[PDB]
$ cat structure_2.pdb   # PDB, C-alpha atoms
ATOM      1  CA  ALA C   1      14.594  13.756 -26.659  1.00  0.00           C
ATOM      2  CA  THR C   2      17.892  11.864 -26.659  1.00  0.00           C
ATOM      3  CA  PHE C   3      19.430  10.384 -23.527  1.00  0.00           C
ATOM      4  CA  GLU C   4      22.951   9.092 -23.946  1.00  0.00           C
ATOM      5  CA  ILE C   5      23.521   6.411 -21.413  1.00  0.00           C
ATOM      6  CA  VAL C   6      27.194   5.890 -20.659  1.00  0.00           C
ATOM      7  CA  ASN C   7      28.670   3.152 -18.482  1.00  0.00           C
ATOM      8  CA  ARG C   8      31.889   4.489 -16.823  1.00  0.00           C
ATOM      9  CA  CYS C   9      31.783   1.584 -14.310  1.00  0.00           C
ATOM     10  CA  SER C  10      34.556  -1.046 -14.396  1.00  0.00           C
ATOM     11  CA  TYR C  11      31.836  -3.740 -14.537  1.00  0.00           C
ATOM     12  CA  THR C  12      29.096  -4.438 -17.086  1.00  0.00           C
ATOM     13  CA  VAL C  13      25.626  -3.079 -16.379  1.00  0.00           C
ATOM     14  CA  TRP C  14      22.358  -3.561 -18.190  1.00  0.00           C
ATOM     15  CA  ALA C  15      20.703  -0.182 -18.634  1.00  0.00           C
ATOM     16  CA  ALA C  16      16.967  -0.050 -18.355  1.00  0.00           C
ATOM     17  CA  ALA C  17      14.449   2.615 -19.288  1.00  0.00           C
ATOM     18  CA  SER C  18      10.647   2.598 -18.642  1.00  0.00           C
ATOM     19  CA  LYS C  19       7.718   4.804 -17.689  1.00  0.00           C
ATOM     20  CA  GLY C  20       6.172   2.050 -15.636  1.00  0.00           C
ATOM     21  CA  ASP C  21       3.587   0.724 -18.078  1.00  0.00           C
ATOM     22  CA  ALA C  22       5.800   0.689 -21.189  1.00  0.00           C
ATOM     23  CA  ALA C  23       9.415   0.558 -22.360  1.00  0.00           C
ATOM     24  CA  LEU C  24      11.139   3.732 -23.338  1.00  0.00           C
ATOM     25  CA  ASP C  25      12.907   3.057 -26.696  1.00  0.00           C
ATOM     26  CA  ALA C  26      14.063  -0.572 -26.633  1.00  0.00           C
ATOM     27  CA  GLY C  27      13.745  -0.491 -22.813  1.00  0.00           C
ATOM     28  CA  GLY C  28      17.019  -2.242 -22.001  1.00  0.00           C
ATOM     29  CA  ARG C  29      20.510  -3.109 -23.311  1.00  0.00           C
ATOM     30  CA  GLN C  30      23.855  -4.431 -22.061  1.00  0.00           C
ATOM     31  CA  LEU C  31      26.524  -1.748 -21.571  1.00  0.00           C
ATOM     32  CA  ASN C  32      30.057  -3.092 -21.089  1.00  0.00           C
ATOM     33  CA  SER C  33      32.570  -0.858 -19.290  1.00  0.00           C
ATOM     34  CA  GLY C  34      32.891   2.317 -21.337  1.00  0.00           C
ATOM     35  CA  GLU C  35      30.030   1.749 -23.751  1.00  0.00           C
ATOM     36  CA  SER C  36      27.399   4.403 -24.586  1.00  0.00           C
ATOM     37  CA  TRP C  37      23.854   3.683 -25.710  1.00  0.00           C
ATOM     38  CA  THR C  38      21.696   6.561 -27.017  1.00  0.00           C
ATOM     39  CA  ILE C  39      17.942   6.253 -26.682  1.00  0.00           C
ATOM     40  CA  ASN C  40      15.082   8.369 -27.886  1.00  0.00           C
ATOM     41  CA  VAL C  41      12.336   9.193 -25.436  1.00  0.00           C
ATOM     42  CA  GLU C  42       9.011  10.589 -26.783  1.00  0.00           C
ATOM     43  CA  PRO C  43       8.281  14.255 -25.868  1.00  0.00           C
ATOM     44  CA  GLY C  44       5.649  14.544 -23.121  1.00  0.00           C
ATOM     45  CA  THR C  45       6.920  11.373 -21.398  1.00  0.00           C
ATOM     46  CA  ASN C  46       5.718  11.697 -17.811  1.00  0.00           C
ATOM     47  CA  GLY C  47       7.233   9.637 -14.971  1.00  0.00           C
ATOM     48  CA  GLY C  48      10.164   8.197 -16.980  1.00  0.00           C
ATOM     49  CA  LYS C  49      12.937   6.308 -15.256  1.00  0.00           C
ATOM     50  CA  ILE C  50      16.363   5.025 -16.207  1.00  0.00           C
ATOM     51  CA  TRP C  51      18.470   2.805 -14.044  1.00  0.00           C
ATOM     52  CA  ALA C  52      21.253   0.253 -14.083  1.00  0.00           C
ATOM     53  CA  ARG C  53      20.966  -3.452 -13.425  1.00  0.00           C
ATOM     54  CA  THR C  54      23.840  -5.635 -12.223  1.00  0.00           C
ATOM     55  CA  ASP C  55      24.868  -9.300 -12.547  1.00  0.00           C
ATOM     56  CA  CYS C  56      22.281 -10.258 -15.155  1.00  0.00           C
ATOM     57  CA  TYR C  57      21.985 -13.423 -17.247  1.00  0.00           C
ATOM     58  CA  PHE C  58      19.758 -13.451 -20.295  1.00  0.00           C
ATOM     59  CA  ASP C  59      19.152 -16.291 -22.694  1.00  0.00           C
ATOM     60  CA  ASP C  60      18.781 -15.936 -26.497  1.00  0.00           C
ATOM     61  CA  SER C  61      15.157 -14.660 -26.298  1.00  0.00           C
ATOM     62  CA  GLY C  62      16.118 -11.949 -23.720  1.00  0.00           C
ATOM     63  CA  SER C  63      14.739 -13.667 -20.599  1.00  0.00           C
ATOM     64  CA  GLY C  64      16.675 -14.171 -17.417  1.00  0.00           C
ATOM     65  CA  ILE C  65      17.459 -12.425 -14.205  1.00  0.00           C
ATOM     66  CA  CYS C  66      19.398  -9.511 -12.643  1.00  0.00           C
ATOM     67  CA  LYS C  67      20.642  -9.280  -9.026  1.00  0.00           C
ATOM     68  CA  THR C  68      19.534  -5.617  -8.815  1.00  0.00           C
ATOM     69  CA  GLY C  69      16.928  -3.816 -10.871  1.00  0.00           C
ATOM     70  CA  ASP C  70      15.349  -6.844 -12.494  1.00  0.00           C
ATOM     71  CA  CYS C  71      12.259  -5.818 -14.415  1.00  0.00           C
ATOM     72  CA  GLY C  72      10.324  -9.107 -14.537  1.00  0.00           C
ATOM     73  CA  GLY C  73      13.278 -11.064 -16.053  1.00  0.00           C
ATOM     74  CA  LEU C  74      13.345  -9.148 -19.367  1.00  0.00           C
ATOM     75  CA  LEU C  75      16.420  -7.610 -21.109  1.00  0.00           C
ATOM     76  CA  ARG C  76      14.060  -5.131 -22.628  1.00  0.00           C
ATOM     77  CA  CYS C  77      12.277  -3.571 -19.635  1.00  0.00           C
ATOM     78  CA  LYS C  78       8.616  -2.599 -19.925  1.00  0.00           C
ATOM     79  CA  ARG C  79       8.109  -1.976 -16.177  1.00  0.00           C
ATOM     80  CA  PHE C  80      10.192  -0.614 -13.292  1.00  0.00           C
ATOM     81  CA  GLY C  81      12.961  -2.752 -11.751  1.00  0.00           C
ATOM     82  CA  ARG C  82      13.265  -4.567  -8.463  1.00  0.00           C
ATOM     83  CA  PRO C  83      14.986  -2.509  -5.710  1.00  0.00           C
ATOM     84  CA  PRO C  84      17.672  -1.619  -4.897  1.00  0.00           C
ATOM     85  CA  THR C  85      17.967   0.763  -7.871  1.00  0.00           C
ATOM     86  CA  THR C  86      19.413   4.263  -7.992  1.00  0.00           C
ATOM     87  CA  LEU C  87      16.890   6.104 -10.236  1.00  0.00           C
ATOM     88  CA  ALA C  88      17.249   8.847 -12.882  1.00  0.00           C
ATOM     89  CA  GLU C  89      13.689  10.338 -13.038  1.00  0.00           C
ATOM     90  CA  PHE C  90      12.181  12.713 -15.525  1.00  0.00           C
ATOM     91  CA  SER C  91       9.034  14.203 -16.846  1.00  0.00           C
ATOM     92  CA  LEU C  92       9.395  15.914 -20.201  1.00  0.00           C
ATOM     93  CA  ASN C  93       7.385  18.850 -21.741  1.00  0.00           C
ATOM     94  CA  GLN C  94       5.186  19.448 -18.704  1.00  0.00           C
ATOM     95  CA  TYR C  95       3.631  22.825 -19.433  1.00  0.00           C
ATOM     96  CA  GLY C  96       6.722  23.883 -21.358  1.00  0.00           C
ATOM     97  CA  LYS C  97       9.500  22.465 -19.093  1.00  0.00           C
ATOM     98  CA  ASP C  98      11.434  19.324 -18.252  1.00  0.00           C
ATOM     99  CA  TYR C  99      11.832  18.024 -14.697  1.00  0.00           C
ATOM    100  CA  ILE C 100      14.760  15.803 -13.684  1.00  0.00           C
ATOM    101  CA  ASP C 101      16.035  14.303 -10.430  1.00  0.00           C
ATOM    102  CA  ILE C 102      17.840  11.322  -8.902  1.00  0.00           C
ATOM    103  CA  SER C 103      16.085   9.290  -6.241  1.00  0.00           C
ATOM    104  CA  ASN C 104      17.249   6.858  -3.575  1.00  0.00           C
ATOM    105  CA  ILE C 105      13.654   6.113  -2.441  1.00  0.00           C
ATOM    106  CA  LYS C 106      13.918   2.649  -4.041  1.00  0.00           C
ATOM    107  CA  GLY C 107      17.491   2.178  -2.650  1.00  0.00           C
ATOM    108  CA  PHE C 108      20.899   2.450  -4.333  1.00  0.00           C
ATOM    109  CA  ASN C 109      22.843   0.013  -6.506  1.00  0.00           C
ATOM    110  CA  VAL C 110      25.128   2.012  -8.821  1.00  0.00           C
ATOM    111  CA  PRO C 111      26.428   5.591  -8.640  1.00  0.00           C
ATOM    112  CA  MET C 112      24.943   7.945 -11.199  1.00  0.00           C
ATOM    113  CA  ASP C 113      25.178  11.384 -12.788  1.00  0.00           C
ATOM    114  CA  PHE C 114      22.094  12.759 -14.592  1.00  0.00           C
ATOM    115  CA  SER C 115      22.946  15.915 -16.632  1.00  0.00           C
ATOM    116  CA  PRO C 116      21.477  17.904 -19.522  1.00  0.00           C
ATOM    117  CA  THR C 117      23.630  17.979 -22.663  1.00  0.00           C
ATOM    118  CA  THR C 118      21.860  21.143 -23.826  1.00  0.00           C
ATOM    119  CA  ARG C 119      21.767  24.656 -22.229  1.00  0.00           C
ATOM    120  CA  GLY C 120      19.929  26.237 -19.339  1.00  0.00           C
ATOM    121  CA  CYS C 121      20.007  24.037 -16.224  1.00  0.00           C
ATOM    122  CA  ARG C 122      22.428  21.980 -14.096  1.00  0.00           C
ATOM    123  CA  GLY C 123      22.803  18.257 -13.553  1.00  0.00           C
ATOM    124  CA  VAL C 124      22.255  16.141 -10.446  1.00  0.00           C
ATOM    125  CA  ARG C 125      24.550  13.456  -9.040  1.00  0.00           C
ATOM    126  CA  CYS C 126      24.614  10.663  -6.483  1.00  0.00           C
ATOM    127  CA  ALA C 127      28.106   9.155  -6.758  1.00  0.00           C
ATOM    128  CA  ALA C 128      29.028   8.503  -3.122  1.00  0.00           C
ATOM    129  CA  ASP C 129      29.867   4.947  -2.035  1.00  0.00           C
ATOM    130  CA  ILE C 130      26.463   4.137  -0.600  1.00  0.00           C
ATOM    131  CA  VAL C 131      26.842   0.386  -1.076  1.00  0.00           C
ATOM    132  CA  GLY C 132      30.099   0.233   0.930  1.00  0.00           C
ATOM    133  CA  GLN C 133      28.800   2.487   3.741  1.00  0.00           C
ATOM    134  CA  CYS C 134      25.265   0.972   3.756  1.00  0.00           C
ATOM    135  CA  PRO C 135      23.791   0.444   7.266  1.00  0.00           C
ATOM    136  CA  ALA C 136      23.793  -3.272   8.237  1.00  0.00           C
ATOM    137  CA  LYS C 137      19.981  -3.768   8.079  1.00  0.00           C
ATOM    138  CA  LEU C 138      19.755  -2.135   4.647  1.00  0.00           C
ATOM    139  CA  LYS C 139      22.391  -4.219   2.902  1.00  0.00           C
ATOM    140  CA  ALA C 140      20.837  -6.298   0.153  1.00  0.00           C
ATOM    141  CA  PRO C 141      22.216  -9.857   0.163  1.00  0.00           C
ATOM    142  CA  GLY C 142      21.637  -9.721  -3.590  1.00  0.00           C
ATOM    143  CA  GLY C 143      23.985  -6.617  -3.911  1.00  0.00           C
ATOM    144  CA  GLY C 144      23.285  -2.877  -3.261  1.00  0.00           C
ATOM    145  CA  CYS C 145      21.582  -0.890  -0.471  1.00  0.00           C
ATOM    146  CA  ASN C 146      17.772  -1.155   0.089  1.00  0.00           C
ATOM    147  CA  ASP C 147      15.560   1.736   1.110  1.00  0.00           C
ATOM    148  CA  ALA C 148      13.828   1.260   4.448  1.00  0.00           C
ATOM    149  CA  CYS C 149      10.316   0.881   2.898  1.00  0.00           C
ATOM    150  CA  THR C 150      11.541  -2.171   0.940  1.00  0.00           C
ATOM    151  CA  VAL C 151      13.058  -3.680   4.050  1.00  0.00           C
ATOM    152  CA  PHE C 152      10.459  -2.870   6.739  1.00  0.00           C
ATOM    153  CA  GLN C 153       7.183  -2.204   4.916  1.00  0.00           C
ATOM    154  CA  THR C 154       5.864   0.433   7.421  1.00  0.00           C
ATOM    155  CA  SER C 155       3.622   3.490   6.824  1.00  0.00           C
ATOM    156  CA  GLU C 156       6.419   5.720   8.109  1.00  0.00           C
ATOM    157  CA  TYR C 157       9.099   4.444   5.651  1.00  0.00           C
ATOM    158  CA  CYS C 158       6.674   4.018   2.684  1.00  0.00           C
ATOM    159  CA  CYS C 159       4.801   7.271   3.372  1.00  0.00           C
ATOM    160  CA  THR C 160       1.565   5.472   2.706  1.00  0.00           C
ATOM    161  CA  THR C 161      -0.752   7.961   4.508  1.00  0.00           C
ATOM    162  CA  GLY C 162       1.105  10.850   2.908  1.00  0.00           C
ATOM    163  CA  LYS C 163       2.259  12.052   6.320  1.00  0.00           C
ATOM    164  CA  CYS C 164       5.811  10.685   6.994  1.00  0.00           C
ATOM    165  CA  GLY C 165       8.978  12.464   8.195  1.00  0.00           C
ATOM    166  CA  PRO C 166      12.671  11.764   7.772  1.00  0.00           C
ATOM    167  CA  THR C 167      14.131   8.731   9.472  1.00  0.00           C
ATOM    168  CA  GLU C 168      17.512   7.414  10.608  1.00  0.00           C
ATOM    169  CA  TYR C 169      17.619   5.395   7.360  1.00  0.00           C
ATOM    170  CA  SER C 170      16.498   8.218   5.037  1.00  0.00           C
ATOM    171  CA  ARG C 171      19.120  10.425   6.748  1.00  0.00           C
ATOM    172  CA  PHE C 172      21.892   8.038   5.706  1.00  0.00           C
ATOM    173  CA  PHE C 173      20.939   8.359   2.034  1.00  0.00           C
ATOM    174  CA  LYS C 174      20.603  12.194   2.386  1.00  0.00           C
ATOM    175  CA  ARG C 175      24.015  12.515   4.081  1.00  0.00           C
ATOM    176  CA  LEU C 176      25.801  10.358   1.470  1.00  0.00           C
ATOM    177  CA  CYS C 177      23.862  12.076  -1.380  1.00  0.00           C
ATOM    178  CA  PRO C 178      22.271  15.428  -0.458  1.00  0.00           C
ATOM    179  CA  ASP C 179      21.196  15.984  -4.074  1.00  0.00           C
ATOM    180  CA  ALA C 180      18.960  12.873  -4.412  1.00  0.00           C
ATOM    181  CA  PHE C 181      15.532  12.170  -2.816  1.00  0.00           C
ATOM    182  CA  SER C 182      16.049  10.124   0.329  1.00  0.00           C
ATOM    183  CA  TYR C 183      12.336   9.584   1.249  1.00  0.00           C
ATOM    184  CA  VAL C 184       8.963  10.334  -0.374  1.00  0.00           C
ATOM    185  CA  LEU C 185       8.461  13.728   1.269  1.00  0.00           C
ATOM    186  CA  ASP C 186      12.041  14.865   1.206  1.00  0.00           C
ATOM    187  CA  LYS C 187      12.586  18.519   0.304  1.00  0.00           C
ATOM    188  CA  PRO C 188      12.643  18.305  -3.528  1.00  0.00           C
ATOM    189  CA  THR C 189      15.955  18.291  -5.392  1.00  0.00           C
ATOM    190  CA  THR C 190      14.180  18.296  -8.734  1.00  0.00           C
ATOM    191  CA  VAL C 191      15.836  20.520 -11.393  1.00  0.00           C
ATOM    192  CA  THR C 192      13.678  22.505 -13.879  1.00  0.00           C
ATOM    193  CA  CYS C 193      15.151  22.408 -17.435  1.00  0.00           C
ATOM    194  CA  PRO C 194      13.926  23.918 -20.773  1.00  0.00           C
ATOM    195  CA  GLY C 195      11.230  21.845 -22.543  1.00  0.00           C
ATOM    196  CA  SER C 196      12.752  19.325 -24.970  1.00  0.00           C
ATOM    197  CA  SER C 197      16.267  19.316 -23.429  1.00  0.00           C
ATOM    198  CA  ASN C 198      18.628  16.365 -24.103  1.00  0.00           C
ATOM    199  CA  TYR C 199      20.447  14.386 -21.433  1.00  0.00           C
ATOM    200  CA  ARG C 200      23.239  12.080 -20.465  1.00  0.00           C
ATOM    201  CA  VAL C 201      23.040   9.426 -17.770  1.00  0.00           C
ATOM    202  CA  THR C 202      26.478   8.299 -16.641  1.00  0.00           C
ATOM    203  CA  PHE C 203      26.943   5.280 -14.397  1.00  0.00           C
ATOM    204  CA  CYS C 204      29.993   5.556 -12.050  1.00  0.00           C
ATOM    205  CA  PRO C 205      30.745   9.223 -13.110  1.00  0.00           C
ATOM    206  CA  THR C 206      33.771   9.498 -10.796  1.00  0.00           C
ATOM    207  CA  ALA C 207      36.851   7.307  -9.867  1.00  0.00           C
TER     208      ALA C 207
END
$ encode --input "structure_2.pdb" --output "structure tokens"
Amino acid sequence: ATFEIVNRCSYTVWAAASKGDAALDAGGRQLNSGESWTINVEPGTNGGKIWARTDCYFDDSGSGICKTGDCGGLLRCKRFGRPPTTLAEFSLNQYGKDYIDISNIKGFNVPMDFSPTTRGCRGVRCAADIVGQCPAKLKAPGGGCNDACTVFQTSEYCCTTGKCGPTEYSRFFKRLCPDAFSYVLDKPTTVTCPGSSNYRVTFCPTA
């Protein structure tokens, strides 16, 4: 399956793609403002994620650091990135269907639209200004807006015991972006698409 990753932001981002234990495609690449990078993700990929990273520096071997989303200092991500990171999430060819969603469970750094480019389902979007409206105690000095599990490390925010409810913090994400997961046990906003669909992830989809 192809995912075209498009940076509509006015700033550079470094796209990253991983299923947690491996890169997807090259795993990572710089996208200047306006650039598009098309990756191929193997069918049957379960638990895939794509995200943006900001204010990165990499040396000639592709080692360095990003202020949001850093995946162990690599340009070419093989693991998930350091919060805060708005997440495009997908599981492909799961008993004949694709599942896609956006999640704010690991915080928010960059607005995002995640849409199929092929027929038979709708896209999801979290493009509100969550960084600018971020509650004081969630603001990441590094840039972006942390989820409350990252900041406070409690069973309630992290949903460790599997029994959590919504919180003042999760309700901020859900209000800014009703169509993204705001906490682990949020009512799902996962979209079911045809097996083997193709996709576009757009950073900063709106003005």
$ closest_residue --input "structure_2.pdb" --among "C:205, C:123, C:69, C:195" --to "residue 49 (chain C)" --atoms "all atoms listed in the file"
C:69
$ resolve_selection --input "structure_2.pdb" --expression "the PyMOL selection byres ((chain C and resi 177) around 9)" --output "JSON, numbers by chain"
{"C": [104, 125, 126, 127, 128, 130, 172, 173, 174, 175, 176, 178, 179, 180, 181, 182]}
$ atom_distance --input "structure_2.pdb" --atom1 "CA of residue 186 (chain C)" --atom2 "CA of residue 20 (chain C)"
22.0 Å
$ resolve_selection --input "structure_2.pdb" --expression "the PyMOL selection byres ((chain C and resi 41) around 7)" --output "CSV table (one decimal) with C-alpha atoms, keeping the file's coordinate frame"
chain,number,residue,atom,x,y,z
C,1,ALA,CA,14.6,13.8,-26.7
C,2,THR,CA,17.9,11.9,-26.7
C,24,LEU,CA,11.1,3.7,-23.3
C,25,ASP,CA,12.9,3.1,-26.7
C,39,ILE,CA,17.9,6.3,-26.7
C,40,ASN,CA,15.1,8.4,-27.9
C,42,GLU,CA,9.0,10.6,-26.8
C,43,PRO,CA,8.3,14.3,-25.9
$ closest_residue --input "structure_2.pdb" --among "C:33, C:80, C:94, C:137" --to "residue 46 (chain C)" --atoms "all atoms listed in the file"
C:94
$ resolve_selection --input "structure_2.pdb" --expression "the PyMOL selection byres ((chain C and resi 196) around 9)" --output "number ranges by chain"
C: 1, 43-44, 92-93, 96-98, 193-195, 197-198
$ closest_residue --input "structure_2.pdb" --among "C:121, C:88, C:31, C:159" --to "residue 75 (chain C)" --atoms "all atoms listed in the file"
C:31
$ closest_residue --input "structure_2.pdb" --among "C:67, C:19, C:29, C:122" --to "residue 48 (chain C)" --atoms "only C-alpha atoms"
C:19
$ residues_near_point --input "structure_2.pdb" --point "(13.1, 16.7, -10.1)" --cutoff "8 Å" --atoms "all atoms listed in the file" --output "list in words"
residues 89, 90, 99, 100, 101, 102, 188, 189, 190, 191 and 192 of chain C
$ closest_residue --input "structure_2.pdb" --among "C:109, C:170, C:30, C:10" --to "residue 140 (chain C)" --atoms "only C-alpha atoms"
C:109
$ atom_distance --input "structure_2.pdb" --atom1 "CA of residue 50 (chain C)" --atom2 "CA of residue 27 (chain C)"
9.0 Å
$ residues_around --input "structure_2.pdb" --residues "residue 72 (chain C)" --least-positions-apart "6" --cutoff "12 Å" --atoms "all atoms listed in the file" --output "PyMOL selection string"
chain C and resi 16+20+58+62-66+78-83
$ residues_around --input "structure_2.pdb" --residues "residue 86 (chain C)" --least-positions-apart "5" --cutoff "8 Å" --atoms "only C-alpha atoms" --output "PDB file with C-alpha atoms, keeping the file's coordinate frame"
ATOM      1  CA  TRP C  51      18.470   2.805 -14.044  1.00  0.00           C
ATOM      2  CA  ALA C  52      21.253   0.253 -14.083  1.00  0.00           C
ATOM      3  CA  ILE C 102      17.840  11.322  -8.902  1.00  0.00           C
ATOM      4  CA  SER C 103      16.085   9.290  -6.241  1.00  0.00           C
ATOM      5  CA  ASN C 104      17.249   6.858  -3.575  1.00  0.00           C
ATOM      6  CA  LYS C 106      13.918   2.649  -4.041  1.00  0.00           C
ATOM      7  CA  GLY C 107      17.491   2.178  -2.650  1.00  0.00           C
ATOM      8  CA  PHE C 108      20.899   2.450  -4.333  1.00  0.00           C
ATOM      9  CA  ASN C 109      22.843   0.013  -6.506  1.00  0.00           C
ATOM     10  CA  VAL C 110      25.128   2.012  -8.821  1.00  0.00           C
ATOM     11  CA  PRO C 111      26.428   5.591  -8.640  1.00  0.00           C
ATOM     12  CA  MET C 112      24.943   7.945 -11.199  1.00  0.00           C
TER      13      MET C 112
END
$ closest_residue --input "structure_2.pdb" --among "C:148, C:26, C:87, C:185" --to "residue 134 (chain C)" --atoms "only C-alpha atoms"
C:148
$ atom_distance --input "structure_2.pdb" --atom1 "CA of residue 34 (chain C)" --atom2 "CA of residue 113 (chain C)"
14.7 Å
$ axis_aligned_box --input "structure_2.pdb" --around "region 161-178 of chain C" --padding-each-side "3 Å" --output "JSON"
{"center_x": 12.5, "center_y": 10.4, "center_z": 4.6, "size_x": 32.6, "size_y": 16.0, "size_z": 18.0}
